[PDB]
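A.B. asks: Enclosed are the sequence and the experimentally obtained structure.
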Number of protein chains: 24
Amino acid sequence: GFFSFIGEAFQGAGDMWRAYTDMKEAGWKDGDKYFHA
Amino acid sequence: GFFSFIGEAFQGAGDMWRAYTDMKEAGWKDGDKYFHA
Amino acid sequence: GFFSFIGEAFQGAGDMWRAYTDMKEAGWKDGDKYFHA
Amino acid sequence: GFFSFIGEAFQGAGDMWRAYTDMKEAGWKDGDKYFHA
Amino acid sequence: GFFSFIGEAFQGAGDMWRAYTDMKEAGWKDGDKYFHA
Amino acid sequence: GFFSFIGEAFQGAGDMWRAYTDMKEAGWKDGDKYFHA
Amino acid sequence: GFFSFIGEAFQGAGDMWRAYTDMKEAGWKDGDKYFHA
Amino acid sequence: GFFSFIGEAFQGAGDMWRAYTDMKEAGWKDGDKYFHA
Amino acid sequence: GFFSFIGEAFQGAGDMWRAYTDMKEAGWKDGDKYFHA
Amino acid sequence: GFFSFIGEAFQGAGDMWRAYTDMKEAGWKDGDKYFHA
Amino acid sequence: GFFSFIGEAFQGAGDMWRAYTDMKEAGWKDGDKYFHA
Amino acid sequence: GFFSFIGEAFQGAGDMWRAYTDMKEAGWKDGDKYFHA
Amino acid sequence: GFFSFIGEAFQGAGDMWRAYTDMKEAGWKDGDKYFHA
Amino acid sequence: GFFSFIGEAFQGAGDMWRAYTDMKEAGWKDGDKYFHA
Amino acid sequence: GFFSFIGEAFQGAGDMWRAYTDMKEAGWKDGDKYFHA
Amino acid sequence: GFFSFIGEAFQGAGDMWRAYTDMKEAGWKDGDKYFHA
Amino acid sequence: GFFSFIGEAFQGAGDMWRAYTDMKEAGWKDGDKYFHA
Amino acid sequence: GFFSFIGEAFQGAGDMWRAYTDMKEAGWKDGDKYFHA
Amino acid sequence: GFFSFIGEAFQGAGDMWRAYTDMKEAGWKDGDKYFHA
Amino acid sequence: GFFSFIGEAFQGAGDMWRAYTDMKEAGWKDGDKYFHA
Amino acid sequence: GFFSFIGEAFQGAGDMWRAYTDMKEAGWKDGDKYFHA
Amino acid sequence: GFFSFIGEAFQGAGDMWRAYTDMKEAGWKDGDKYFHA
Amino acid sequence: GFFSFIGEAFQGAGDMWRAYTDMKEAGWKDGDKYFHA
Amino acid sequence: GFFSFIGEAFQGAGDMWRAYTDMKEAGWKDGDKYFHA
């Protein structure tokens, strides 16, 4: 694919552009995410 | 595919452009997400 | 694929451009993520 | 793939451009991530 | 792959461009990461 | 692969360009990472 | 999507299940094809 | 979508289940085809 | 996606399940093909 | 994706499951193909 | 992805499961192919 | 990814599971191929 | 075309006879402007 | 075209006769401007 | 084209007759400007 | 083209007749500018 | 093209008739500029 | 092209008629500039 | 400007994509052009 | 400018992509052009 | 400028991509061009 | 400038990519060009 | 400038990539060019 | 400048990559060029 971004990308808490691929018999767990201002 | 973005992208809490692909016998769990201002 | 970014990329807490690939019988756990201002 | 970045990339706490690949019978655990200002 | 970066890359606490590859019967644990200002 | 970087790369605490490869029956543990200003 | 083929595929001169994808500024040619019996 | 084919496919000169997808500024040619018996 | 083929594939002159993907400024040619019996 | 082939693949002159991927400023040629019986 | 082949692959003149990947400013040629019986 | 082959591979003249990868300013040639029986 | 200006041009904060032309996939920003006397 | 200017051009903070032309995949920024007397 | 300027150009803080031309995959920044009298 | 300037050019802080041309994968920065009298 | 300048050019802090041309994978910076009288 | 300058060029701190040309994988920096009278 | 052409361009006798630019006190003469079939 | 061509360009007799630029007190003469078939 | 060509360029008699530039008090003469088939 | 060509370039009689530059009080003469088939 | 060519370049009679530069009081003469087949 | 060529370059009769530079009061004459097949 093709991806183009021009400007600002803001993320307080989390993941950006994560790529999990080609897994067999795989397991995982992600936790919570908080944003306070 | 083709993706073009011009400007600002704001995310308080979460994931952006996540790609999970090509999985067999796979399991996972994502937690909650809070936004306070 | 093709990836192009021009500008600013801000992440308070988390992962950016993570790539997990080609796993068999794999397991892991990610923790929480907090953002305070 | 092809990756091009022009500008600023800020991460308070976390990982950037992590690549885990070609694992068999593998396990790990990542901790939490805090951001205070 | 091809990787090009032009500008500034700031990480308070964490890992950048980590590459774990070609593991069999492998285990590890990463700790937490704090960012205070 | 090909890697090109032009500019500044700042890391307060952590690892940069770590490469762990070709391991069998291997184990390790990484500690926490703090950033104070 | 889902694709199931059960039987026989016969081709004297040609290509089969050709997939060209995700191209930008591309150009090509394919010549003539002759079947004589 | 869903595609099921059960039987026989015979082609003297040509292409089969060709898929061209996700093109930008592209151009090509395919010559003549002759079937003689 | 999912692809299942059960049977026989016969090709006198040609290519099979060719995949060209993720190209930028590319160009090529393929000559003629002759089948004589 | 997922690909399953069960049976026979016969090719007098050609290529099989060719994969060209992730090219930038590329160019090539493939000559003619002759099948005589 | 996942690829399974069970059976027979016969090729008089050609290449098999060729993979060309991650090229920049590249160029090549492949000659003719003849099958006579 | 995952690749499984179970059976027979026959090639009179050619290459098998050739992998060319991670090239910059490259160029080559491959001559003709003849199969006579 | 033809453009004639005879006199005085006064600008406290801003741009003058700015010409942006012939752009494709472009993006920019201009901040605030303050005039105090 | 034809452009004639006869007189005075005064600018406290800004740019003059700026020409940006013939751009593809471009992005930039210009900050604030302050005029105090 | 034709450009004629006859007189005075005064600029406290800024750029003059700046020409940016013929750019592909480009990105830049210009800071603030202050005029105090 | 044709450019004629007859008179005076005064600039406290900035650049003059800057020409950036024929760039591919480029990136830069210019700081702030201060004029005090 | 043709460029004629007749008069005076005054610059407290900056660059003059700077020409950057024919760059590929380039990156630079220019600091702040101060004019005090 | 043709360039004619007749008069006076005054620069407190900076560069004059700088020409950077024909660069590939290049990077540099220029510090601040101060003018005090 | 931007120019894109995809297909065939045939000219028996003449010029294609001629560019004469930035001339002062210039003279020339072009001859006739014949096309016979 | 930007120029892209994909396909065939045939010229029997003449010039293609000629560029005459930045001339002062210049003269020349081009002859005739014939095309016979 | 930017120039990209993908395909075939045929010229029987003439010049291709000629560049005459930056001449003062210059003269020349080009002859005729014939094409016979 | 930037020039990219991928394919075949045929010229029976003439010049290709000629560059005459930076001449003062210069003269020359080019002869005819014939193409017979 | 930048020049890239990938493929075949055929010239029966003539010059390719000629560069005449930085001449004062210079003269020369080129002869005819014939192509017969 | 930068020059890259990948493939075949054929010239029957003539000069390739000729560079005449930095001449004062210079004269010469080149003869004809014939190509017969």
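C.D. replies: Noted; the coordinates are in hand. Residues are numbered from 1 along each chain as shown, chains lettered A, B, ... in the order given.

A.B. asks: only C-alpha atoms for contact and neighbour calcs from this point on.
C.D. replies: Fine.

A.B. asks: What strands flank the biggest strand by length in chain A, and is each parallel or antiparallel?
C.D. replies: Identified as the longest strand of chain A according to DSSP state E is strand A:2-16. Here strand A:2-16 is paired, per DSSP bridges, with strand B:2-16 (parallel), strand C:2-16 (parallel).

A.B. asks: Quick check: buried residues in that strand?
C.D. replies: Neighbour counts over strand A:2-16 (16 or more other Cα atoms under 10 Å in any protein chain shown) mark A:2, A:4-16 as buried.

A.B. asks: possible to save the strands paired with strand A:2-16 as TSV with distance to residue F:24?
C.D. replies: Shown next, in TSV, are the strands paired with strand A:2-16 (distance: least, Cα to Cα, whole Å):
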stretch	distance to residue F:24
strand B:2-16	33
strand C:2-16	27
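
A.B. asks: Residue G:35: which of those is closest?
C.D. replies: strand B:2-16 (39.1 Å; Cα to Cα).

A.B. asks: okay, now the residue of chain A found nearest chain G: neighbour count?
C.D. replies: Proximity to chain G, evaluated over chain A using Cα to the nearest Cα, is greatest for residue A:1 at 5.8 Å. Residues within reach of residue A:1, counting by other Cα atoms under 10 Å in any protein chain shown, total 17.

A.B. asks: Who are the contact partners of it?
C.D. replies: B:1, B:2, C:1, C:2, G:22, I:22 (Cα atoms under 8 Å, 6 or more residues apart in numbering or on different chains).

A.B. asks: Residue A:8 too?
C.D. replies: B:7, B:8, B:9, C:7, C:8, C:9, C:10.

A.B. asks: how does it look with 10 Å?
C.D. replies: For residue A:8, the contact set (Cα atoms under 10 Å, 6 or more residues apart in numbering or on different chains) comprises B:5-10, C:5-10, D:7-8.

A.B. asks: Check residue A:22 too.
C.D. replies: Applying Cα under 10 Å, 6+ apart to residue A:22 gives the contacts B:20-24, C:20-24, D:21-22, J:1, K:1-2, L:1-2.

A.B. asks: Residue A:25 against residue C:24, yeah?
C.D. replies: Yes: using Cα atoms under 10 Å, residue A:25 is in contact with residue C:24, at 5.8 Å.

A.B. asks: Now list whatever residues contact both of those two.
C.D. replies: B:24, D:25.

A.B. asks: Those two: which is more packed in?
C.D. replies: Shown here are residue A:25 and residue C:24; by other Cα under 10 Å, residue C:24 has more neighbours (19 against 15).

A.B. asks: for the more buried one, which residues make a bridge with it?
C.D. replies: residue A:24, residue D:24.

A.B. asks: looking at it, it is touching residue D:26, isn't it?
C.D. replies: Yes: Residue C:24 is in contact with residue D:26 according to Cα under 10 Å; the separation is 8.0 Å.

A.B. asks: what sits in contact with each of those two?
C.D. replies: Common neighbours of residue C:24 and residue D:26, counting by Cα under 10 Å, 6+ apart, are A:26, E:24.

A.B. asks: Residue of chain A closest to chain H, please.
C.D. replies: residue A:1 (8.5 Å).

A.B. asks: Looking at the strands paired with strand A:2-16, spot the one closest to residue G:34.
C.D. replies: strand B:2-16 (37.3 Å).

A.B. asks: re the thing from before, now the buried residues of strand A:2-16 in a markdown table, with distance to residue V:30?
C.D. replies: Converted to a markdown table, the buried residues of strand A:2-16 look like this (distance: Cα to Cα, whole Å):
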| residue | distance to residue V:30 |
| --- | --- |
| A:2 | 49 |
| A:4 | 49 |
| A:5 | 51 |
| A:6 | 50 |
| A:7 | 53 |
| A:8 | 57 |
| A:9 | 59 |
| A:10 | 63 |
| A:11 | 65 |
| A:12 | 69 |
| A:13 | 70 |
| A:14 | 69 |
| A:15 | 66 |
| A:16 | 62 |
